[PDB]
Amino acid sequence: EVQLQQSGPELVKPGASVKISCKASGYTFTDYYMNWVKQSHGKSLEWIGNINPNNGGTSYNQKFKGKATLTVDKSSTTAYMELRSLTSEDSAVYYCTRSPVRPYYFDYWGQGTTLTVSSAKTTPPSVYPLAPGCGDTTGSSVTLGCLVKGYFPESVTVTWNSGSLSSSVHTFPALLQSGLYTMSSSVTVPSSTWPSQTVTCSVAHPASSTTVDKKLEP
């Protein structure tokens, strides 16, 4: 049960600073190096630096010297990384990963932390239901779906009936336009469960902390 739980998404204006946490469990925290890997959108992994939890023995990368600052707390077994002078390039997904001294592999990773560096205002998402017409042909399966328009940044989660069931859910990637994102979701459910039971799509926006739920109606 080696688990590495990081902090949530962060939306910060350029020039400011941001701190990311990393709570470790399931292993002896004082036994392994704690690392931080930066992954840009569509790019490769990029090792920032490590830190020795025993004494805080940091080892940064030359590319990140003066860019990132690593700290550690043994009292709660939690690592931290601070970034100052934030720019558009810093807008990426950051991981904190465990690693031994030798051989230096990254055995366990964190779930990641989506960082968005922009001065754009936190816009709440508009949730509009996408119900099939009353003139459509009900076959062996009906396809439902929900639409999300206008929100910032890329931090949204669309679930279906508390994650049950979702064995045919198709989620479409968000598209950015005029500083606002727009995405959509669909689900293929048989005709023997609609509209008999209750099917409700949930749209959560952690950046604006807004959760809107909409039920499909033919």
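All residue numbers refer to positions in the sequence shown, first residue = 1.
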* With respect to the recorded C-alpha B factors, which stretch has the higher mean value, 204-212 or 12-20? -> 204-212
* Mind pulling up the entry and telling me whether 128-136 or 101-109 has the higher mean Cα temperature factor? => 128-136
* Structure fact -> In this crystal structure's PDB entry, the residue among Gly163, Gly49, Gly57, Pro173 with the greatest CA B factor is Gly163
* Tell me, please, which of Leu45, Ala68, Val187, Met34 has the highest C-alpha B factor according to the deposited entry? => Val187
* Structure fact -> Entry-reported C-alpha B-factor of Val93 relative to its chain, by third, is lowest
* To do: Compare the C-alpha B factor of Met81 with those of the other modelled residues in its chain, then answer lowest, middle or highest third.
  => lowest
* According to the PDB entry, is the CA B factor of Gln39 in the bottom, middle or top third of its chain, that is, lowest, middle or highest? -> lowest
* Asked: So where's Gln62 on the chain's Cα temperature factor ranking, which third?
  -> middle
* Structure fact -> Temperature factor at the Cα of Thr182, chain-ranked in thirds, falls in the middle
